[PDB]
2 protein chains.
Amino acid sequence: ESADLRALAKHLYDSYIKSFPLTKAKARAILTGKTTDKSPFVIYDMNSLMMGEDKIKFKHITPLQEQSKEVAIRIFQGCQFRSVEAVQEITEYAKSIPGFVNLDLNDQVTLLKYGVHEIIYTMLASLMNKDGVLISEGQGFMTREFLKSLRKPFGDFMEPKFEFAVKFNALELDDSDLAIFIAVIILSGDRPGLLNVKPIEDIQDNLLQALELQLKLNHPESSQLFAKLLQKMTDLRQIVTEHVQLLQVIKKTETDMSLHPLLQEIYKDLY
Amino acid sequence: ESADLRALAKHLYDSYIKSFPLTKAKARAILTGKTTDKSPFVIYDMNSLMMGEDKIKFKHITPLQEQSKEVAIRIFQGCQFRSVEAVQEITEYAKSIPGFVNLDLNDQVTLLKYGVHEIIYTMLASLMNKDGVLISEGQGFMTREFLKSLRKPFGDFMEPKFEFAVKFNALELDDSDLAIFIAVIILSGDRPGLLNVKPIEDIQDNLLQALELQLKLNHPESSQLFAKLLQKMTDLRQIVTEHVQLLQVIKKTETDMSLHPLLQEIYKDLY
Ligand SMILES: CCCc1cc(C(=O)c2ccc(-c3ccccc3)cc2)ccc1OCCCN1CCCc2c(OC(C)(C)C(=O)O)cccc21
């Protein structure tokens with residue numbers, strides 16, 4: 001029923017505000033200059049990278065860990081710490097999706113293990129434009145061209161996220177749209193190894209109707225936006241399959257890699 | 001007006017019904033036997049627990065989880081699971097408390113973070129008699145004797161809850177009283193790290209007013225029941241500190257991990 005779906009939508013948005021400190025609206029205010037506080041330091045090369053860390057003089061122990069390597073490894077290493085925080089944030093949000101915590105525990109685990117990267121790329125787009133990406137709570141900006149320039153495999157991790165972002169961003173979703181899209185991703189009844197598919201699909205279906213109504217109301221002039229958004233779920237899946245192949249390239253071409261423990265769990269025997 | 005205070009009580013009883021499908025009225029019927037028809041499986045020992053494990057598996061699988069560990073640890077993990085579910089119900093009931101969703105978003109989160117435990121023990125009492133507690137939406141009944149017999153750290157967890165429940169249950173609160181009492185507890189202006197204290201005390205003051213009038217009307221022969229009930233709100237703080245201090249034992253001294261990343265961030269600065 002409409003009132004039910006509108007109230008589902010407001011719940012997820014409210015909870016999305018509570019779970020994700022840097023929302024699209026705040027990322028864009030920062031991207032755009034509209035903010036009034038502190039303009040982000042841009043990293044375009046080795047020297048400004050050095051200075052970007054070396055900002056640690058009127059800056060602090062930047063929540064990540066410590067670095068005994070080179071540029072390409074060090075950047076991939078700062079990506080891991082951020083994706084670990086994103087996973088925590090996304091798990092905290094999932095628990096608020098009505099019906100999620102009442103599911104079989106193994107199913108909750110599998111839903112998260114498969115959904116979490118799709119959602120990291122979805123929301124990474126929020127922080128991106130065609131020239132670069134906001135990093136460190138919006139205190140920095142790394143250029144697309146710098147990330148793309150990185151030695152073979154590392155450089156290969158970056159570009160396809162930017163090509164995705166540019167296209168997803170042209171859909172002009174805002175946070176309240178995104179909040180339902182991401183819950184829809186989480187509640188995917190076709191993740192490998194699910195014990196109890198139907199009660200997951202029943203929830204997804206109801207999220208789907210809510211996302212539908214939210215796009216009609218919020219973007220009345222935008223034709224077939226709902227479909228165009230669900231088409232994006234396959235751009236997402238292909239980013240993940242690509243990312244995973246690139247991860248295998250990293251075991252071969254690199255010395256001691258071993259991701260953060262929680263990410264190794266995520267990647268352990270994945271699709 | 002008193003009529004506005006009655007309308008508030010009434011509005012709160014209605015949200016409460018919606019949020020919490022197993023009510024005190026329903027649970028007391030099951031602990032006794034009103035229209036005696038669909039009796040919970042009783043779990044009184046280690047054998048009956050297994051008999052009752054693969055009883056909800058001689059049907060299917062939506063579990064807290066199956067045989068894969070030590071029994072005292074499975075029971076304690078099953079409680080954690082139930083308590084992550086219960087935080088979702090409380091969270092929703094809170095949105096229906098007037099003024100709550102207009103509070104600072106961060107204060108909302110802090111009110112729930114610290115109010116939630118006190119509310120879980122208050123509501124657990126509705127499911128308990130002197131001899132046992134209804135579990136799994138009222139389908140099981142686990143005996144206090146059996147909980148008490150588990151090995152030394154786990155054998156002491158539930159017992160303080162039973163002792164509180166017996167003293168609390170002797171007050172003979174119904175759901176309509178508890179709906180108000182639960183709302184007073186949430187709106188406690190003394191939780192650590194509250195930004196705006198005053199607006200919270202102003203809502204709690206109108207809840208206190210409604211609570212006081214409810215009990216005066218519903219329980220005219222209980223002299224000073226308002227007061228005895230506020231006094232219970234110290235008895236609860238103490239169960240909660242003792243519970244929080246027993247989570248330090250488990251974490252420091254026990255091997256098994258398979259915990260819930262929603263309670264674990266909740267115990268920062270907690271009494
Ligand atoms: C979800 C994380 C996305 C992401 C995060 C950041 C940062 O937080 C960051 C912050 C600080 C530094 C830094 C490091 C050294 C000196 C100065 C600054 C570097 C990076 C910077 C760029 C960035 O995205 C660009 C492309 C996204 N990307 C490509 C590299 C691998 C990767 C990724 O890989 C790991 C292995 C973490 C994974 O599978 O989870 C996960 C999600 C995105 C992603």
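Each chain gets a letter, A, B and so on, in the order the sequences are listed, and its residues count up from 1. Heavy-atom basis, side chains included; hydrogens, waters and symmetry copies ignored.
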Note to self: A quick test of your reading: do over 12 heavy atoms of other residues, nucleotides or ligands sit less than 6.0 Å from CD of A/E172?
What the structure shows: no
Notebook entry, point to check: Considering residues, nucleotides and ligands other than A/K18, do more than 12 of their heavy atoms fall under 6.0 Å from its NZ?
Noted result: yes
Checklist line | Under 4.5 Å from any heavy atom of chain A - which part of B/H260 | finding: both
Next item on the list: Measure distances from B/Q88 to the heavy atoms of chain A and classify the residue's part below 4.5 Å as side chain, backbone, both or neither.
Entry: side chain
Checklist line | Note: B/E265-B/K113 ion pair, threshold 4.0 Å (strictly below) | finding: no
Checklist line | Check: B/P98 and B/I203 side chains under 4.5 Å, non-hydrogen atoms | finding: no
Next item on the list: Check each atom of A/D107 against the heavy atoms of chain B and say whether the ones under 4.5 Å are side chain, backbone, both or neither.
Entry: neither
Checklist line | Proximity breakdown for A/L103 and chain B, heavy-atom pairs closer than 4.5 Å | finding: backbone
Note to self: Tell me which of these, A/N106, A/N102, A/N196, A/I17, has more heavy-atom pairs under 4.5 Å with chain B than the rest.
What the structure shows: A/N102
Item checked: B/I200 and its side chain to side chain contact (heavy atoms under 4.5 Å, CB included) partner, picked from B/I186, B/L187, B/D104, B/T110 -> B/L187
